[PDB]
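To be precise, the following lines are run.cif, and they hold mmCIF, C-alpha atoms; chains and numbers go by the auth columns.
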data_upload
loop_
_atom_site.group_PDB
_atom_site.id
_atom_site.type_symbol
_atom_site.label_atom_id
_atom_site.label_comp_id
_atom_site.label_asym_id
_atom_site.label_seq_id
_atom_site.Cartn_x
_atom_site.Cartn_y
_atom_site.Cartn_z
_atom_site.B_iso_or_equiv
_atom_site.auth_seq_id
_atom_site.auth_asym_id
ATOM 1 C CA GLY A 1 -3.449 -11.690 -33.796 0.00 4 A
ATOM 2 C CA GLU A 2 0.351 -11.792 -33.531 0.00 5 A
ATOM 3 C CA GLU A 3 0.468 -15.315 -35.011 0.00 6 A
ATOM 4 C CA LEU A 4 -0.768 -13.840 -38.325 0.00 7 A
ATOM 5 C CA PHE A 5 2.387 -11.723 -38.699 0.00 8 A
ATOM 6 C CA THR A 6 5.249 -14.175 -38.060 0.00 9 A
ATOM 7 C CA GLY A 7 6.179 -14.391 -41.761 0.00 10 A
ATOM 8 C CA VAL A 8 6.214 -12.213 -44.861 0.00 11 A
ATOM 9 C CA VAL A 9 2.654 -11.031 -45.542 0.00 12 A
ATOM 10 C CA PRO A 10 1.439 -9.588 -48.886 0.00 13 A
ATOM 11 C CA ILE A 11 -0.025 -6.090 -48.678 0.00 14 A
ATOM 12 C CA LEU A 12 -2.622 -4.289 -50.788 0.00 15 A
ATOM 13 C CA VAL A 13 -3.309 -0.536 -50.396 0.00 16 A
ATOM 14 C CA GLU A 14 -6.222 1.221 -52.115 0.00 17 A
ATOM 15 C CA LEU A 15 -6.904 4.957 -51.747 0.00 18 A
ATOM 16 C CA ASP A 16 -9.755 6.938 -53.281 0.00 19 A
ATOM 17 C CA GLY A 17 -9.269 10.652 -52.733 0.00 20 A
ATOM 18 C CA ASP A 18 -10.668 14.101 -53.464 0.00 21 A
ATOM 19 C CA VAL A 19 -8.625 17.296 -53.048 0.00 22 A
ATOM 20 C CA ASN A 20 -10.446 20.598 -53.641 0.00 23 A
ATOM 21 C CA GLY A 21 -12.986 18.532 -55.573 0.00 24 A
ATOM 22 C CA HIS A 22 -10.501 16.815 -57.912 0.00 25 A
ATOM 23 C CA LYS A 23 -10.787 13.023 -57.640 0.00 26 A
ATOM 24 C CA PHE A 24 -7.807 10.666 -57.840 0.00 27 A
ATOM 25 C CA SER A 25 -6.923 7.052 -57.025 0.00 28 A
ATOM 26 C CA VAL A 26 -3.804 5.287 -55.724 0.00 29 A
ATOM 27 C CA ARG A 27 -3.119 1.532 -55.768 0.00 30 A
ATOM 28 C CA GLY A 28 -0.178 -0.063 -53.994 0.00 31 A
ATOM 29 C CA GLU A 29 1.175 -3.534 -53.371 0.00 32 A
ATOM 30 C CA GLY A 30 4.144 -5.205 -51.719 0.00 33 A
ATOM 31 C CA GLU A 31 4.858 -7.050 -48.507 0.00 34 A
ATOM 32 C CA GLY A 32 5.431 -6.606 -44.801 0.00 35 A
ATOM 33 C CA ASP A 33 7.821 -8.334 -42.401 0.00 36 A
ATOM 34 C CA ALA A 34 6.712 -7.470 -38.869 0.00 37 A
ATOM 35 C CA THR A 35 9.552 -9.573 -37.413 0.00 38 A
ATOM 36 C CA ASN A 36 11.894 -6.876 -38.733 0.00 39 A
ATOM 37 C CA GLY A 37 9.346 -4.038 -38.786 0.00 40 A
ATOM 38 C CA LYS A 38 9.994 -3.760 -42.544 0.00 41 A
ATOM 39 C CA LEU A 39 7.615 -2.615 -45.317 0.00 42 A
ATOM 40 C CA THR A 40 8.323 -2.732 -49.083 0.00 43 A
ATOM 41 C CA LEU A 41 5.674 -1.200 -51.346 0.00 44 A
ATOM 42 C CA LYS A 42 5.115 0.345 -54.791 0.00 45 A
ATOM 43 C CA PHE A 43 2.261 2.801 -55.295 0.00 46 A
ATOM 44 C CA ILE A 44 0.694 3.906 -58.602 0.00 47 A
ATOM 45 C CA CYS A 45 -1.558 6.842 -59.336 0.00 48 A
ATOM 46 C CA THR A 46 -4.098 5.050 -61.509 0.00 49 A
ATOM 47 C CA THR A 47 -6.084 8.113 -62.585 0.00 50 A
ATOM 48 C CA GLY A 48 -3.222 10.168 -64.046 0.00 51 A
ATOM 49 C CA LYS A 49 -0.876 12.672 -62.429 0.00 52 A
ATOM 50 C CA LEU A 50 -1.113 12.606 -58.639 0.00 53 A
ATOM 51 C CA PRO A 51 -2.631 15.995 -57.674 0.00 54 A
ATOM 52 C CA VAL A 52 -0.616 16.218 -54.428 0.00 55 A
ATOM 53 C CA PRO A 53 3.044 15.438 -53.675 0.00 56 A
ATOM 54 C CA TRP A 54 3.688 11.775 -52.884 0.00 57 A
ATOM 55 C CA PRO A 55 5.419 12.583 -49.548 0.00 58 A
ATOM 56 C CA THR A 56 2.145 14.023 -48.188 0.00 59 A
ATOM 57 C CA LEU A 57 0.410 10.631 -48.606 0.00 60 A
ATOM 58 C CA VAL A 58 3.046 8.399 -46.939 0.00 61 A
ATOM 59 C CA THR A 59 1.482 8.359 -43.449 0.00 62 A
ATOM 60 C CA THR A 60 -1.998 7.692 -44.899 0.00 63 A
ATOM 61 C CA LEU A 61 -0.795 4.908 -47.190 0.00 64 A
ATOM 62 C CA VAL A 62 -0.302 -0.373 -41.769 0.00 68 A
ATOM 63 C CA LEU A 63 1.102 -0.051 -38.229 0.00 69 A
ATOM 64 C CA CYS A 64 0.339 -3.725 -37.589 0.00 70 A
ATOM 65 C CA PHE A 65 3.714 -4.379 -39.251 0.00 71 A
ATOM 66 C CA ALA A 66 5.619 -2.482 -36.536 0.00 72 A
ATOM 67 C CA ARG A 67 8.242 -4.542 -34.714 0.00 73 A
ATOM 68 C CA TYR A 68 7.199 -4.706 -31.070 0.00 74 A
ATOM 69 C CA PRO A 69 10.061 -6.142 -28.957 0.00 75 A
ATOM 70 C CA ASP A 70 9.196 -9.366 -27.115 0.00 76 A
ATOM 71 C CA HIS A 71 8.921 -7.494 -23.831 0.00 77 A
ATOM 72 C CA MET A 72 6.327 -5.109 -25.335 0.00 78 A
ATOM 73 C CA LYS A 73 4.020 -7.776 -26.845 0.00 79 A
ATOM 74 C CA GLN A 74 1.191 -6.815 -24.502 0.00 80 A
ATOM 75 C CA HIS A 75 1.111 -3.225 -25.847 0.00 81 A
ATOM 76 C CA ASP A 76 0.603 -4.121 -29.551 0.00 82 A
ATOM 77 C CA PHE A 77 -2.968 -3.015 -30.183 0.00 83 A
ATOM 78 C CA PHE A 78 -2.587 -3.163 -33.971 0.00 84 A
ATOM 79 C CA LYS A 79 -1.910 -6.901 -34.317 0.00 85 A
ATOM 80 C CA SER A 80 -4.361 -7.712 -31.508 0.00 86 A
ATOM 81 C CA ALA A 81 -7.325 -6.380 -33.498 0.00 87 A
ATOM 82 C CA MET A 82 -6.558 -8.697 -36.427 0.00 88 A
ATOM 83 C CA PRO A 83 -7.896 -10.444 -38.481 0.00 89 A
ATOM 84 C CA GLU A 84 -11.133 -8.415 -38.288 0.00 90 A
ATOM 85 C CA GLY A 85 -8.948 -5.292 -38.152 0.00 91 A
ATOM 86 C CA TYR A 86 -9.375 -1.680 -37.125 0.00 92 A
ATOM 87 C CA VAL A 87 -10.613 1.676 -38.401 0.00 93 A
ATOM 88 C CA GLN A 88 -7.892 4.353 -38.568 0.00 94 A
ATOM 89 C CA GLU A 89 -8.991 7.993 -38.874 0.00 95 A
ATOM 90 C CA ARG A 90 -6.786 11.081 -39.061 0.00 96 A
ATOM 91 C CA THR A 91 -6.885 14.811 -39.615 0.00 97 A
ATOM 92 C CA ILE A 92 -3.675 16.155 -41.168 0.00 98 A
ATOM 93 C CA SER A 93 -3.354 19.970 -40.988 0.00 99 A
ATOM 94 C CA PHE A 94 -0.724 21.504 -43.262 0.00 100 A
ATOM 95 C CA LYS A 95 0.479 24.724 -41.634 0.00 101 A
ATOM 96 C CA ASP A 96 -0.789 27.815 -43.499 0.00 102 A
ATOM 97 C CA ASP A 97 -2.678 25.579 -45.939 0.00 103 A
ATOM 98 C CA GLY A 98 -5.476 23.026 -46.220 0.00 104 A
ATOM 99 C CA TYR A 99 -6.092 19.772 -44.388 0.00 105 A
ATOM 100 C CA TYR A 100 -6.764 16.094 -45.135 0.00 106 A
ATOM 101 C CA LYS A 101 -9.445 13.986 -43.472 0.00 107 A
ATOM 102 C CA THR A 102 -8.883 10.248 -43.875 0.00 108 A
ATOM 103 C CA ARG A 103 -10.864 7.155 -42.908 0.00 109 A
ATOM 104 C CA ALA A 104 -9.276 3.752 -43.526 0.00 110 A
ATOM 105 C CA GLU A 105 -10.019 0.118 -42.746 0.00 111 A
ATOM 106 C CA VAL A 106 -7.044 -2.168 -42.095 0.00 112 A
ATOM 107 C CA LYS A 107 -7.953 -5.864 -42.162 0.00 113 A
ATOM 108 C CA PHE A 108 -7.115 -9.228 -43.688 0.00 114 A
ATOM 109 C CA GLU A 109 -8.755 -10.420 -46.897 0.00 115 A
ATOM 110 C CA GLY A 110 -7.538 -13.973 -47.277 0.00 116 A
ATOM 111 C CA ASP A 111 -3.778 -13.970 -46.779 0.00 117 A
ATOM 112 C CA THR A 112 -3.479 -10.285 -47.797 0.00 118 A
ATOM 113 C CA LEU A 113 -3.355 -7.375 -45.357 0.00 119 A
ATOM 114 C CA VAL A 114 -5.445 -4.609 -46.939 0.00 120 A
ATOM 115 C CA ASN A 115 -5.478 -0.866 -46.212 0.00 121 A
ATOM 116 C CA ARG A 116 -8.476 0.766 -47.907 0.00 122 A
ATOM 117 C CA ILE A 117 -8.655 4.557 -47.570 0.00 123 A
ATOM 118 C CA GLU A 118 -11.099 7.373 -48.240 0.00 124 A
ATOM 119 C CA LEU A 119 -9.484 10.821 -48.293 0.00 125 A
ATOM 120 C CA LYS A 120 -10.938 14.332 -48.509 0.00 126 A
ATOM 121 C CA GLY A 121 -8.719 17.391 -48.953 0.00 127 A
ATOM 122 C CA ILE A 122 -10.230 20.771 -48.143 0.00 128 A
ATOM 123 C CA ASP A 123 -9.133 24.448 -48.407 0.00 129 A
ATOM 124 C CA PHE A 124 -5.795 24.004 -50.144 0.00 130 A
ATOM 125 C CA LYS A 125 -4.194 27.049 -51.747 0.00 131 A
ATOM 126 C CA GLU A 126 -3.642 26.994 -55.499 0.00 132 A
ATOM 127 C CA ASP A 127 -0.191 28.558 -54.976 0.00 133 A
ATOM 128 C CA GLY A 128 0.798 26.600 -51.846 0.00 134 A
ATOM 129 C CA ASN A 129 3.342 23.824 -51.440 0.00 135 A
ATOM 130 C CA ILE A 130 0.791 21.011 -51.885 0.00 136 A
ATOM 131 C CA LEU A 131 -1.172 21.925 -55.001 0.00 137 A
ATOM 132 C CA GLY A 132 1.921 23.685 -56.362 0.00 138 A
ATOM 133 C CA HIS A 133 4.103 20.546 -56.019 0.00 139 A
ATOM 134 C CA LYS A 134 6.912 22.345 -54.171 0.00 140 A
ATOM 135 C CA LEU A 135 7.907 19.545 -51.749 0.00 141 A
ATOM 136 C CA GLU A 136 11.124 17.564 -52.086 0.00 142 A
ATOM 137 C CA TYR A 137 10.813 13.832 -52.888 0.00 143 A
ATOM 138 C CA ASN A 138 12.090 12.570 -49.530 0.00 144 A
ATOM 139 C CA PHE A 139 10.848 11.761 -46.025 0.00 145 A
ATOM 140 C CA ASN A 140 12.310 12.382 -42.569 0.00 146 A
ATOM 141 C CA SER A 141 12.576 9.909 -39.701 0.00 147 A
ATOM 142 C CA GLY A 142 10.379 10.488 -36.680 0.00 148 A
ATOM 143 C CA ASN A 143 8.617 9.170 -33.588 0.00 149 A
ATOM 144 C CA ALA A 144 4.854 8.748 -33.183 0.00 150 A
ATOM 145 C CA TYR A 145 3.529 8.589 -29.611 0.00 151 A
ATOM 146 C CA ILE A 146 0.803 6.030 -28.802 0.00 152 A
ATOM 147 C CA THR A 147 -1.725 6.371 -25.971 0.00 153 A
ATOM 148 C CA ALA A 148 -4.732 4.197 -25.114 0.00 154 A
ATOM 149 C CA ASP A 149 -8.319 5.407 -25.423 0.00 155 A
ATOM 150 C CA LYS A 150 -10.369 3.167 -23.123 0.00 156 A
ATOM 151 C CA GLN A 151 -13.698 4.832 -23.970 0.00 157 A
ATOM 152 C CA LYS A 152 -13.326 3.749 -27.616 0.00 158 A
ATOM 153 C CA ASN A 153 -11.436 0.514 -26.795 0.00 159 A
ATOM 154 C CA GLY A 154 -8.654 1.648 -29.115 0.00 160 A
ATOM 155 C CA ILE A 155 -5.712 4.063 -29.245 0.00 161 A
ATOM 156 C CA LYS A 156 -4.900 7.656 -30.147 0.00 162 A
ATOM 157 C CA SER A 157 -1.813 9.370 -31.499 0.00 163 A
ATOM 158 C CA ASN A 158 -0.581 12.812 -32.403 0.00 164 A
ATOM 159 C CA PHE A 159 2.692 13.714 -34.067 0.00 165 A
ATOM 160 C CA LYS A 160 4.329 16.210 -36.409 0.00 166 A
ATOM 161 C CA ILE A 161 5.711 15.500 -39.880 0.00 167 A
ATOM 162 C CA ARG A 162 8.089 18.080 -41.364 0.00 168 A
ATOM 163 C CA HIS A 163 8.266 18.042 -45.177 0.00 169 A
ATOM 164 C CA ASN A 164 11.315 19.643 -46.817 0.00 170 A
ATOM 165 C CA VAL A 165 10.243 22.380 -49.242 0.00 171 A
ATOM 166 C CA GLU A 166 12.292 22.898 -52.391 0.00 172 A
ATOM 167 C CA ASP A 167 13.291 26.442 -51.363 0.00 173 A
ATOM 168 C CA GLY A 168 14.869 25.131 -48.130 0.00 174 A
ATOM 169 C CA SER A 169 12.015 25.893 -45.729 0.00 175 A
ATOM 170 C CA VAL A 170 9.938 23.250 -43.926 0.00 176 A
ATOM 171 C CA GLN A 171 6.222 22.515 -44.263 0.00 177 A
ATOM 172 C CA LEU A 172 4.689 21.204 -41.029 0.00 178 A
ATOM 173 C CA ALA A 173 1.834 18.682 -41.111 0.00 179 A
ATOM 174 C CA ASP A 174 0.155 18.112 -37.715 0.00 180 A
ATOM 175 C CA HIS A 175 -1.321 14.590 -37.461 0.00 181 A
ATOM 176 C CA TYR A 176 -4.229 13.716 -35.160 0.00 182 A
ATOM 177 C CA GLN A 177 -5.065 10.024 -35.187 0.00 183 A
ATOM 178 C CA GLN A 178 -7.684 7.651 -33.776 0.00 184 A
ATOM 179 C CA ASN A 179 -7.954 3.847 -34.097 0.00 185 A
ATOM 180 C CA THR A 180 -10.954 1.651 -33.188 0.00 186 A
ATOM 181 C CA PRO A 181 -11.386 -2.136 -33.617 0.00 187 A
ATOM 182 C CA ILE A 182 -13.741 -3.490 -36.252 0.00 188 A
ATOM 183 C CA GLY A 183 -14.634 -6.655 -34.318 0.00 189 A
ATOM 184 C CA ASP A 184 -15.892 -6.936 -30.756 0.00 190 A
ATOM 185 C CA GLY A 185 -13.341 -9.471 -29.499 0.00 191 A
ATOM 186 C CA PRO A 186 -10.818 -8.458 -26.846 0.00 192 A
ATOM 187 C CA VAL A 187 -7.936 -6.202 -27.877 0.00 193 A
ATOM 188 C CA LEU A 188 -4.773 -5.111 -26.088 0.00 194 A
ATOM 189 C CA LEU A 189 -4.900 -1.540 -24.703 0.00 195 A
ATOM 190 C CA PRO A 190 -1.288 -0.361 -24.294 0.00 196 A
ATOM 191 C CA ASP A 191 0.671 1.651 -21.818 0.00 197 A
ATOM 192 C CA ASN A 192 2.144 4.840 -23.285 0.00 198 A
ATOM 193 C CA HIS A 193 4.954 4.240 -25.787 0.00 199 A
ATOM 194 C CA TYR A 194 6.133 5.438 -29.206 0.00 200 A
ATOM 195 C CA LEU A 195 6.958 4.112 -32.685 0.00 201 A
ATOM 196 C CA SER A 196 10.258 5.066 -34.350 0.00 202 A
ATOM 197 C CA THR A 197 10.325 5.180 -38.159 0.00 203 A
ATOM 198 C CA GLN A 198 12.760 5.347 -41.065 0.00 204 A
ATOM 199 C CA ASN A 199 11.698 5.828 -44.686 0.00 205 A
ATOM 200 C CA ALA A 200 13.358 5.629 -48.112 0.00 206 A
ATOM 201 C CA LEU A 201 11.518 6.890 -51.218 0.00 207 A
ATOM 202 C CA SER A 202 12.664 5.925 -54.717 0.00 208 A
ATOM 203 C CA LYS A 203 11.548 5.473 -58.342 0.00 209 A
ATOM 204 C CA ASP A 204 11.105 2.423 -60.568 0.00 210 A
ATOM 205 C CA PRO A 205 13.100 3.155 -63.756 0.00 211 A
ATOM 206 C CA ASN A 206 10.775 0.953 -65.859 0.00 212 A
ATOM 207 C CA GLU A 207 7.583 2.632 -64.597 0.00 213 A
ATOM 208 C CA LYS A 208 6.025 5.291 -66.818 0.00 214 A
ATOM 209 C CA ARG A 209 3.047 6.043 -64.555 0.00 215 A
ATOM 210 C CA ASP A 210 3.263 8.488 -61.648 0.00 216 A
ATOM 211 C CA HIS A 211 4.427 6.337 -58.738 0.00 217 A
ATOM 212 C CA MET A 212 6.327 5.951 -55.452 0.00 218 A
ATOM 213 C CA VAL A 213 8.543 3.066 -54.346 0.00 219 A
ATOM 214 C CA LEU A 214 8.690 3.043 -50.542 0.00 220 A
ATOM 215 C CA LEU A 215 10.703 1.147 -47.951 0.00 221 A
ATOM 216 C CA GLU A 216 9.875 1.748 -44.301 0.00 222 A
ATOM 217 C CA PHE A 217 11.124 0.515 -40.909 0.00 223 A
ATOM 218 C CA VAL A 218 8.909 0.881 -37.818 0.00 224 A
ATOM 219 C CA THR A 219 9.971 -0.231 -34.309 0.00 225 A
ATOM 220 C CA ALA A 220 8.190 0.175 -30.968 0.00 226 A
ATOM 221 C CA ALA A 221 10.061 1.604 -27.981 0.00 227 A
ATOM 222 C CA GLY A 222 9.748 3.754 -24.873 0.00 228 A
ATOM 223 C CA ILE A 223 8.621 1.343 -22.142 0.00 229 A
#

Rewrite the structure of this file - the entire thing - as structure tokens.
Amino acid sequence: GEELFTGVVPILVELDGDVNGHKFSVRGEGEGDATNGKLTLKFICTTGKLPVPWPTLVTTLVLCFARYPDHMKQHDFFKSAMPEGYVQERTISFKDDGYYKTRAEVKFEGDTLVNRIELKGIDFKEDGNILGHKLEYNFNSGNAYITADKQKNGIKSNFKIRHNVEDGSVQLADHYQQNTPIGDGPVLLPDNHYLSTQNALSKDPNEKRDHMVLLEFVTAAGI
């Protein structure tokens, strides 16, 4: 599926979520430039105030736009499953607090790459950093390690995100991740490698709704 990603591709992201029983919705749009591993997106909470901090949703809210160097083309599972796409599931455990469970489908609809997500949040503390909105509006660079899962004909990943808390401490979020193709055509199963990421969060000054402007770079390495 790499031929689908040679130019700038429009992106649509749709998340329906439920944290401690409170429902919310997020809608995002922008574009991706896999040649440079670059993502540009704006997200809106369409139901009102977002009940969790925006930084906790970044990883949930399209790894097919990662820049895989020419010599790593054979380890790019994400593009290889396209256009039918893949299912991406995660558990995200916030240390000393609740956890997210997410199931998403990432696939083309026409010329648009769509990420459509169901999220459940369970056992969060009313006075914790999530429901209490105590996390700084920023995001730290990191690496995410990719390993093949032959039994499922997909990949797996685990990694740690560290969210800056407004008092100066750090809130760890352990990610466990599993990806499986939607179609039954052949996909590329990679050798071990990792993805290196940079992120910049900002605000639209003309936007009155609760929102997040996001720019992200993702590059494959380690082989």

(Q) I'd like to see the residues matched by the PyMOL selection byres ((chain A and resi 89) around 6) on this file, and ideally I'd get them as a PyMOL selection string. (A) chain A and resi 88+90-91+113-114

(Q) Please expand the PyMOL selection byres ((chain A and resi 179) around 9) into the concrete residues it hits in this file, giving the result as a VMD selection string. (A) chain A and resid 59 98 to 101 105 165 to 169 177 to 178 180 to 181

Q) So how many Å separate CA of residue 93 in chain A and CA of residue 77 in chain A, to one decimal? A)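 For CA of residue 93 in chain A relative to CA of residue 77 in chain A, the distance reads 26.0 Å.
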
Q.
Using Å and a single decimal, report how far CA of residue 139 in chain A sits from CA of residue 120 in chain A.
A.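 So the two atoms, CA of residue 120 in chain A and CA of residue 139 in chain A, lie 28.4 Å apart.
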
Q: Tell me which protein, DNA and RNA residues are within 6 Å of residue 226 in chain A, counting only C-alpha atoms, leaving out same-chain ones fewer than 6 positions away, and put them as JSON, numbers by chain.
A: {"A": [74, 200, 201]}

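Between CA of residue 85 in chain A and CA of residue 154 in chain A there is a distance of 14.7 Å.
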
Q: For the point (-6.8, -0.6, -50.0) in the file's frame, write as a count of residues only all residues with an atom no more than 8 Å away, counting only C-alpha atoms.
A: 11

Q | Selected residue, from A:224, A:207, A:72, A:11, that lies nearest to residue 143 in chain A when counting all atoms listed in the file | A | A:207

(Q) Using all atoms listed in the file for the distances, tell me which of A:26, A:199, A:140, A:73 is nearest to residue 50 in chain A. (A)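 Distance minimum relative to residue 50 in chain A lands on A:26.
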
Q: Would you mind telling me which residue in A:157, A:25, A:69, A:38 lies nearest to residue 119 in chain A when using all atoms listed in the file?
A: A:69

Taking the file as shown, find all residues satisfying the PyMOL selection byres ((chain A and resi 29) around 12) and write them as an mmCIF file with C-alpha atoms, in the coordinates of the input.
data_model
loop_
_atom_site.group_PDB
_atom_site.id
_atom_site.type_symbol
_atom_site.label_atom_id
_atom_site.label_comp_id
_atom_site.auth_asym_id
_atom_site.auth_seq_id
_atom_site.Cartn_x
_atom_site.Cartn_y
_atom_site.Cartn_z
ATOM 1 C CA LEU A 15 -2.622 -4.289 -50.788
ATOM 2 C CA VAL A 16 -3.309 -0.536 -50.396
ATOM 3 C CA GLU A 17 -6.222 1.221 -52.115
ATOM 4 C CA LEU A 18 -6.904 4.957 -51.747
ATOM 5 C CA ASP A 19 -9.755 6.938 -53.281
ATOM 6 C CA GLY A 20 -9.269 10.652 -52.733
ATOM 7 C CA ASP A 21 -10.668 14.101 -53.464
ATOM 8 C CA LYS A 26 -10.787 13.023 -57.640
ATOM 9 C CA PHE A 27 -7.807 10.666 -57.840
ATOM 10 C CA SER A 28 -6.923 7.052 -57.025
ATOM 11 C CA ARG A 30 -3.119 1.532 -55.768
ATOM 12 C CA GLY A 31 -0.178 -0.063 -53.994
ATOM 13 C CA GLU A 32 1.175 -3.534 -53.371
ATOM 14 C CA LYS A 45 5.115 0.345 -54.791
ATOM 15 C CA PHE A 46 2.261 2.801 -55.295
ATOM 16 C CA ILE A 47 0.694 3.906 -58.602
ATOM 17 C CA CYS A 48 -1.558 6.842 -59.336
ATOM 18 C CA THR A 49 -4.098 5.050 -61.509
ATOM 19 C CA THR A 50 -6.084 8.113 -62.585
ATOM 20 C CA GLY A 51 -3.222 10.168 -64.046
ATOM 21 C CA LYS A 52 -0.876 12.672 -62.429
ATOM 22 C CA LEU A 53 -1.113 12.606 -58.639
ATOM 23 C CA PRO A 54 -2.631 15.995 -57.674
ATOM 24 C CA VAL A 55 -0.616 16.218 -54.428
ATOM 25 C CA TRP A 57 3.688 11.775 -52.884
ATOM 26 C CA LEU A 60 0.410 10.631 -48.606
ATOM 27 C CA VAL A 61 3.046 8.399 -46.939
ATOM 28 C CA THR A 63 -1.998 7.692 -44.899
ATOM 29 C CA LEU A 64 -0.795 4.908 -47.190
ATOM 30 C CA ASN A 121 -5.478 -0.866 -46.212
ATOM 31 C CA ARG A 122 -8.476 0.766 -47.907
ATOM 32 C CA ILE A 123 -8.655 4.557 -47.570
ATOM 33 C CA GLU A 124 -11.099 7.373 -48.240
ATOM 34 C CA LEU A 125 -9.484 10.821 -48.293
ATOM 35 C CA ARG A 215 3.047 6.043 -64.555
ATOM 36 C CA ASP A 216 3.263 8.488 -61.648
ATOM 37 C CA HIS A 217 4.427 6.337 -58.738
ATOM 38 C CA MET A 218 6.327 5.951 -55.452
#

Q. Which one is closest to residue 208 in chain A: A:188, A:44, A:14, A:136? Count only C-alpha atoms.
A. A:44

Q) Could you list as a VMD selection string every residue that has an atom within 12 Å of (8.1, -6.0, -39.2), using the file's coordinates and counting only C-alpha atoms? A) chain A and resid 5 7 to 12 34 to 43 68 to 75 85 203 221 to 226

Q) Restricting the calculation to all atoms listed in the file, which member of A:102, A:190, A:76, A:142 is positioned closest to residue 174 in chain A? A) A:142

Starting from the sparse input, extend range 5-20 of chain A to N, CA and C atoms and give the output as a PDB file, in the frame of the given file.
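rebuild_15.pdb, freshly written:
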ATOM      1  N   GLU A   5      -1.074 -11.826 -33.201  1.00  0.00           N
ATOM      2  CA  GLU A   5       0.351 -11.792 -33.531  1.00  0.00           C
ATOM      3  C   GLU A   5       0.789 -12.995 -34.367  1.00  0.00           C
ATOM      4  N   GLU A   6       0.101 -14.132 -34.240  1.00  0.00           N
ATOM      5  CA  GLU A   6       0.468 -15.315 -35.011  1.00  0.00           C
ATOM      6  C   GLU A   6       0.298 -15.098 -36.513  1.00  0.00           C
ATOM      7  N   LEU A   7      -0.567 -14.165 -36.918  1.00  0.00           N
ATOM      8  CA  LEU A   7      -0.768 -13.840 -38.325  1.00  0.00           C
ATOM      9  C   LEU A   7       0.417 -13.127 -38.963  1.00  0.00           C
ATOM     10  N   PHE A   8       1.359 -12.614 -38.175  1.00  0.00           N
ATOM     11  CA  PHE A   8       2.387 -11.723 -38.699  1.00  0.00           C
ATOM     12  C   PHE A   8       3.792 -12.301 -38.576  1.00  0.00           C
ATOM     13  N   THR A   9       3.925 -13.599 -38.277  1.00  0.00           N
ATOM     14  CA  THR A   9       5.249 -14.175 -38.060  1.00  0.00           C
ATOM     15  C   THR A   9       6.068 -14.324 -39.337  1.00  0.00           C
ATOM     16  N   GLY A  10       5.443 -14.309 -40.516  1.00  0.00           N
ATOM     17  CA  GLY A  10       6.179 -14.391 -41.761  1.00  0.00           C
ATOM     18  C   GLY A  10       6.058 -13.137 -42.614  1.00  0.00           C
ATOM     19  N   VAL A  11       6.414 -13.276 -43.882  1.00  0.00           N
ATOM     20  CA  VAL A  11       6.214 -12.213 -44.861  1.00  0.00           C
ATOM     21  C   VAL A  11       4.770 -12.266 -45.342  1.00  0.00           C
ATOM     22  N   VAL A  12       4.087 -11.128 -45.282  1.00  0.00           N
ATOM     23  CA  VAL A  12       2.654 -11.031 -45.542  1.00  0.00           C
ATOM     24  C   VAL A  12       2.453 -10.111 -46.737  1.00  0.00           C
ATOM     25  N   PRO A  13       1.702 -10.516 -47.773  1.00  0.00           N
ATOM     26  CA  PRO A  13       1.439  -9.588 -48.886  1.00  0.00           C
ATOM     27  C   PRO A  13       0.485  -8.483 -48.463  1.00  0.00           C
ATOM     28  N   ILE A  14       0.712  -7.293 -49.033  1.00  0.00           N
ATOM     29  CA  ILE A  14      -0.025  -6.090 -48.678  1.00  0.00           C
ATOM     30  C   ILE A  14      -0.712  -5.549 -49.928  1.00  0.00           C
ATOM     31  N   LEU A  15      -1.929  -5.045 -49.754  1.00  0.00           N
ATOM     32  CA  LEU A  15      -2.622  -4.289 -50.788  1.00  0.00           C
ATOM     33  C   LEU A  15      -3.123  -2.981 -50.178  1.00  0.00           C
ATOM     34  N   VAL A  16      -2.873  -1.856 -50.856  1.00  0.00           N
ATOM     35  CA  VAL A  16      -3.309  -0.536 -50.396  1.00  0.00           C
ATOM     36  C   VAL A  16      -4.142   0.103 -51.499  1.00  0.00           C
ATOM     37  N   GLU A  17      -5.331   0.588 -51.146  1.00  0.00           N
ATOM     38  CA  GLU A  17      -6.222   1.221 -52.115  1.00  0.00           C
ATOM     39  C   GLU A  17      -6.758   2.517 -51.526  1.00  0.00           C
ATOM     40  N   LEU A  18      -6.489   3.637 -52.198  1.00  0.00           N
ATOM     41  CA  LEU A  18      -6.904   4.957 -51.747  1.00  0.00           C
ATOM     42  C   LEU A  18      -7.747   5.620 -52.828  1.00  0.00           C
ATOM     43  N   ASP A  19      -8.940   6.065 -52.450  1.00  0.00           N
ATOM     44  CA  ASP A  19      -9.755   6.938 -53.281  1.00  0.00           C
ATOM     45  C   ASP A  19      -9.830   8.292 -52.587  1.00  0.00           C
ATOM     46  N   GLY A  20      -9.462   9.347 -53.320  1.00  0.00           N
ATOM     47  CA  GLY A  20      -9.269  10.652 -52.733  1.00  0.00           C
ATOM     48  C   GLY A  20      -9.952  11.746 -53.537  1.00  0.00           C
TER      49      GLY A  20
END
